[PDB]
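Just so it is clear, A, B, C, D and E label the chains in written order, and each chain counts residues from 1 on its own.
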Amino acid sequence: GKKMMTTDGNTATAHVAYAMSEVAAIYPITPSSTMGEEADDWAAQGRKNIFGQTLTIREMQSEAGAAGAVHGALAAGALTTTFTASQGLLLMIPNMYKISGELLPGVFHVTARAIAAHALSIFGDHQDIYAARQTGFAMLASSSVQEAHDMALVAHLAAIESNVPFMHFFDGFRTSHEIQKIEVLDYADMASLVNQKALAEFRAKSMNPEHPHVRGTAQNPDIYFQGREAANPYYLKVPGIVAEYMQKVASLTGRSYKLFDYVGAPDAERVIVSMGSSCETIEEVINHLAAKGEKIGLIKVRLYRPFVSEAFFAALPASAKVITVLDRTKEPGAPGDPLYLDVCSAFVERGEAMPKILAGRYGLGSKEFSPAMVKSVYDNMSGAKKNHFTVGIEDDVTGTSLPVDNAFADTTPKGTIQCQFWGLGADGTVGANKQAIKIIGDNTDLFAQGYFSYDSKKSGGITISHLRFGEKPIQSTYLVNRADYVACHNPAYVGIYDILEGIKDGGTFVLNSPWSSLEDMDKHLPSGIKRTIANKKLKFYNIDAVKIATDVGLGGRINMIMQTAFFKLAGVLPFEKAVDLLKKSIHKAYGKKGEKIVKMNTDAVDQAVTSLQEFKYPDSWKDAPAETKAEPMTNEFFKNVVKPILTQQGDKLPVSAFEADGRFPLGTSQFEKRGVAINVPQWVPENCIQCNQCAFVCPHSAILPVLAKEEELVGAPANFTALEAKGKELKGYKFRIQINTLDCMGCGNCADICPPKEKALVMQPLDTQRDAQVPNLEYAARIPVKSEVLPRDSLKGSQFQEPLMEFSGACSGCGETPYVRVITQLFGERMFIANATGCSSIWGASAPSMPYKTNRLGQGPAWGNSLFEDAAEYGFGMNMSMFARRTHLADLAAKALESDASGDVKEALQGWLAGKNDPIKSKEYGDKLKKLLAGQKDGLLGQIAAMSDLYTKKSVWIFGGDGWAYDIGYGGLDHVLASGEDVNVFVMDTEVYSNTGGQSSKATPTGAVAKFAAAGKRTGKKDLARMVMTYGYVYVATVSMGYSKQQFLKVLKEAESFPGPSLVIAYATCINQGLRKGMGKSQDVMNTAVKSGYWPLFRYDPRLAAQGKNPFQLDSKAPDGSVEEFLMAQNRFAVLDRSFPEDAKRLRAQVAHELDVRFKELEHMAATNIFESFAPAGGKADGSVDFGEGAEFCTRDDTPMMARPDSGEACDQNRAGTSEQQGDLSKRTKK
Amino acid sequence: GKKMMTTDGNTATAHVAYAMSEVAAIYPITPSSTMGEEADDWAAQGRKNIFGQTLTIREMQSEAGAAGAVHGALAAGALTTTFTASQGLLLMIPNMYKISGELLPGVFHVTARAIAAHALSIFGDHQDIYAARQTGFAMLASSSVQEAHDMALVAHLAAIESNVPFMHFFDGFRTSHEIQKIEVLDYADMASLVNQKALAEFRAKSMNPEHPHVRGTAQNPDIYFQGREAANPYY
Amino acid sequence: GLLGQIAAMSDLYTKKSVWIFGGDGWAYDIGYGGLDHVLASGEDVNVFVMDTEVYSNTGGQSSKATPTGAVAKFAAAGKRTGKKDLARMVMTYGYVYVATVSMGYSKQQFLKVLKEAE
Amino acid sequence: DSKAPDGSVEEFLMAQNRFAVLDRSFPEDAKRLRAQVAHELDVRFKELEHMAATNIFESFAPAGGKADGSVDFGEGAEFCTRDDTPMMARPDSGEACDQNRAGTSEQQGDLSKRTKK
Amino acid sequence: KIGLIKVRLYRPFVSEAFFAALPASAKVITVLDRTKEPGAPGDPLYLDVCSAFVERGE
């Protein structure tokens, strides 16, 4: 039978996919990740599929790997599915041709997401699914959560009966992450629809040595074409099969579908053709406008491939005179996007009435497609009739955009209550909204919808919840813009974001703040808000959620209080039932540790209900004094681009505001100054031993060491306390540790590792520190950084260099950023960074925040993110460029040495040439050439003068996480390191795919809990270091900051100076590991990681072998027996102990045994006397030679594959035997 | 000057590609292998391109690696090329979106070959080039050994001046391996057709720590769409 | 019923032997990432690599399996880097069965390895 | 399963055109490279001999365990194990937690003690 | 009375240049695609040509 539930598109389709598949080969990619993870969870819980079995699910190394596995499973006779999107779908394309080419019933469920071009987007659009429209897969689109469920079922059933693989897709986030109350079928109902005859035929034709066949032959021109057309019959029948299953499923659900469905006026004159979630919004607008008499309609595309023109026309009103086809993609240079071209083709082949056809583009990267935009589209059809337009953006560059009137009337059905909640990261707002949706949906007949907007910031980010409740189906697939209820859970937002925008008149505005008194409110509430509340007669409520939570014992935790506010004031339910239901549920959930935790929550509810009174305000708010504008100084770019985006106005930036190639300038994060740390450090100079370890360790570059001369401290604020500098080389300098309180994330690592027993750093509330430190950091920032005093690569001296990566969006206490920041302090001014997609690319470059910056001379890391799978090859390419361009420069230089260039110029050239690959010398002489050739514009000296940005030796680095290095990019990494070229690979090992949600990677350790290893990973951690060391010519090393900063610096210097490939693997802590005492213990955890023997440190240096010494050196000591407490101090290990104590004990013992063995193997490596030795190069010499020249026998075959321009000469093809056999035969045949 | 020679489509194309590129990341795949092998032998023989330099050619682990290297070389300011077909071109698709997306003057010379479906085939058809039509690469076809030479040259010249990568393609075997007596141009002649200012501009906007920028950001719904339409003036 | 279903699954009665055949170009280069992951999975599969020390079919191009000094396409003056040690790399797992064979040297060791690997 | 190099490598290589053609075209480099190959295999065999002589090797666990069930790595974690990102968003995510913006457990507790009030 | 339009620049597809090569006398036009996209309403070149005639409106 049926069953109601409130869930998202992902779960709705995974529900069906699990039931219908026996095997799933998967790989994580947002926003489809949820499906694979649920399937895994259900298989582990014991959920049965229609065959009464738990799903066999395996995580591959990439989507390409998953696609080949899917093909193998299907070829081998097992119903198979996979979940993917965007970049991942692209990697599956080659196997798609094979899966459809071999008529296999596979089903791919795709959360349609944008492809990375000028930029990467995890958001929704059809660029990915259209990229695969030629693979031969049938394509069924679902446009709503309820449809994702239905279409997923049709796809599987039709795939099984048709023998044509299906791609079931729905919009990324807009449908995959939207919550709706829907109806799902029982697995037994799905099972009943399966064509048993077809299933048996599938089984019988599959690969099997009992009745084998050959698949995947290589064919010549004589038969290939015929073989390709032999599947025709199958594709002619899929449409009818899809129709029949839509009907068979409908008889069970009551929901009918056609390949193309029509809604709107039967006599519509203007019709839109669309696909995906846009269809719901368009329909909602049609109901509204048609009720006013407008003759408009919409054709919803269900089956996109095969494209059946007959079914399309069956849905087209004869009265349509103008048709607009909406494509949610962009194919540069094409005469029109996919859907548009298909529709145009239908009309030309029909050969009759040709209504006006227009093409429109919308929703790229989940761009809003709101009711007003639909109005634009319909108005365009009766108005200008612009063709190839875009809607949702202002294209002031090519003028392709339709103007959009946002005063358009709200079109949600009568009786819909709309809500918006503004929350702060981890304050539980989203969780309570999802709970509120469940509660309301399970206890009323109301339809409920939820959608959530998050922040690119991983910590202290702002969240915005959009909820809708109604007596009628909610087709609003766009954000709420005219809310009945608006709640701001963070009082900090009040002054910075337009929180009451579009709120209805008489709407309810609930605010969390301690401004209970009218004077306090008048003191904080901006004029604009007061005027808005006033002029709209808003039901304004204020509630000190933090005081109530504290008092009832919930310790400032506000979720329950704000939750109560919603259930009481939103008005979707009567008070009695609400408070009732809310309470019943508190007992449901919680109900754990005694009735005490239940009491506090229940009490908090009653206290909330009571204290929840309408804040009364003076009519004088009608015109509160429009405040001035105490806006600090920044730059034009931050003023005109990033600030607008950070304040959520990016949607208003026209196309003219962006660089055609998507680039961004460095350093835009310098001005964010978010100030979201709860507690920040306070320097206690009386205990400071002036070590610079606190600055070295900061994950956000929030600590600024200061070394000034007396003169530089004259205009210094009174509180700018500075110690006289310790150290011989610092005699006479004044030292200060300046805390950047607004950029601090308040993790506590600095304070945690500050050497002195009597700490020089103590955590304190941000407010107790900002007034003094803000003007202090400001002043210190203008003090020249003393980079020339101490060695750049010394612990202390490194912190006297300019950090070139600051204030990133990484989590508070992130274990990756400290390493990167230091790397820039050592090479920043001359590095190229090819960054693999992952956390490091996300905190590294989530527009509009750019943490990497330039130094005082304008030099900084040239940073780029290509893809997730190609970081190494990307960096190798940059290295090829430098080789080619610098070789060109060298050639010009030698050339100019043989000319009448001046003695000085020649000295410089000769100097540069000799020190070409030396950072010190190439810069020394390049800087002379810059001076010496200044102005030179002609001839040879002119070309050399124009290549100055190539004078100093560059440092190419490849940054990537473990998922990249051990999995998807391993092949690339391996090849690049094997090239022997001069590149540097820095792997930030978090032992999981962090960014995407903690999925297991081959870097995940034995027994660690992570997605797809939820019972603890049952294979040991892949030994990347030892695998790379077998080459002998690659510098390999491991590091752990918390264990030894010096060893880290030593490794950086040795790896970078190695004239060949270098691989550095760093232990990076991460919130996914669940450090028990907080991330502020990362350094200490890194310390233990090494002491326990879990993460041994070593260095493999090939040049030592070149000089007779052992290249391998251990840098840490044998395991000290602390591994158990090390593991148990991380939830990724502790959860297993609490859930499966028996296996967890076993797995922790296995880990201790693994590390013990590994260390002993490393000890012998370091003791060995036998080692691979070799020189840096030697050889080359102009010239080439073919492997076949002068061979005694044919060296190439008779194939089209080996044919070359010069091939074809006669030769002995080995059909007459050996040279000796032929000789002996010759003597024997003397005659 | 012009020179009368008797060769096939691969060679006629390779003749030009070598002259116009500084860097090449290759991977072998019939029927385009001949091109990369020729480029490699010529570089090893010391042949000079239009900059008087021998080509910097490296063999990657696959075409995906070759395409990522090509993207990196172009991003770092080196005129770059590659040769491929069929299954190999499919592997380059992810990077193709990035190369065109970042308006890079890359040039792929493709010997159009069938895609493996019910069977593999090393022979010619446009299945592969059509699979890459939405990548944003301009696509210029040559229908004869003589046009392969001419379009190859046009593709390079146009990619440099337009900042839109080009895919120069011709029929696998039917053109790539057909031998014809044709005319080819001297490298000097090709060099004189190059837009020197566009080229200087390509190098000045390339990745360099001396004057850095960030490329390949991650963008939200607020600006992605605008950012994708920003390249219209180029197309 | 049940016996009918079981009767219909007879082509699954006998334990099967899953083999993956490929050359050095596949195993050392393009398919290395996948080969590596599949071996790390710990599942019962058998990989048999026919190492010709070049991409043979396509015309003798070098691969990471090509040895130092061997001439091949893209190694026209002799390859200047040594052969990649795929065997020792995979042995680092500890749970993968790895072996090398050479028929001309020992047909018996070849047969012994087949039996042990399978 | 085989023995130490018997010294026939030079003849081995020179009997194959892939090596000999180099000898005829770039005699000097070829000489170097064949000696390099001889050194490479000498070392490798020596490394394999130690591998065969070692007493250091790790246990072999085929399979076994699974323990019908699974758990999320964030379950019962003291601090948030996921970020505010749409990438980490999941159906069951959204519950309040300590986002590490207030410092260590120890640092937090001490600030409590120090601000007793 | 027959003709042939040779496609040089397939992308970007410029309809103006396509029509600059089309004879006004052409009553029937066959578009040949050297590919197969199973289930598509037509192959790539054909689809592009159709769009050209549809947008022209003549």
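One rule holds for everything that comes next: a contact is a pair of C-beta atoms (placed from the backbone, for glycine too) under 8 Å apart; a residue touches a chain by one contact, two chains touch by 3 or more.
Protein names from UniProt, one per chain: A = Pyruvate:ferredoxin oxidoreductase.
Asks: Show me the overlap between the contact partners of chain B and those of chain C.
Replies: The shared contacts of chain B and chain C, listed by label, come to A.
Asks: In this assembly, which chains make contact with chain A and also with chain D?
Replies: C
Asks: Compare the CA centroid of chain D with every other chain's and tell me the farthest one.
Replies: Relative to chain D, the chain with the farthest C-alpha centre is E.
Asks: How many angstrom lie between the CA centroids of chain C and chain E, rounded to a whole number?
Replies: 49
Asks: Can you check how far apart chain B and chain E are, centre to centre, with Cα atoms defining each centre and the answer in Å?
Replies: 26
Asks: In whole angstrom, how far does the Cα centroid of chain B sit from the Cα centroid of chain D?
Replies: Whole-Å distance between the two chain centres: 36.
Asks: Can you check how far apart chain A and chain B are, centre to centre, with Cα atoms defining each centre and the answer in Å?
Replies: It comes to 30 Å between the two C-alpha centres.
Asks: Please set out, as single numbers or ranges, the residues of chain E touching at least two other chains.
Replies: Only 11-12, 35-37 qualify.
Asks: Going by the touch rule stated at the top, which chains touch which?
Replies: Final set of chain pairs in contact is A-B, A-C, A-D, A-E, B-C, B-E, C-D.
Asks: Which residues of chain A touch chain C in the complex?
Replies: Touching chain C from chain A are residues 58, 60-62, 64-65, 68, 200, 203, 208-211, 967-972, 974-975, 978-980, 1002, 1018-1020, 1022-1023, 1026-1027, 1030-1033, 1177, 1179-1181, 1183-1188, 1195-1196, 1199, 1201-1202, 1204.
Asks: For a test of understanding, state which residues of chain A touch chain E in their complex under the given definition.
Replies: Touch residues, chain A against chain E: 100, 133-134, 136, 138, 164, 228-229, 231, 235, 238, 305-307, 309, 332-336, 340-342, 344-349, 354, 356-357, 387.
Asks: Would you pull the chain C residues touching chain D in the complex into a rising list?
Replies: Residue positions touching the partner: 42, 54, 67-72, 77-78, 80, 82, 85, 94-95, 105-106, 109.
Asks: Can you tell me which positions in chain D touch chain A when the two form their complex?
Replies: 17-18, 20-22, 24-26, 28-29, 32-33, 36, 39-40, 43-44, 46-47, 50, 54, 56-59, 61, 63, 65-91, 93-108, 110-111
Asks: Where on chain B is chain E touching in the complex?
Replies: Residues 112, 124-127, 129-130, 133, 137-141, 143, 151, 171, 235.
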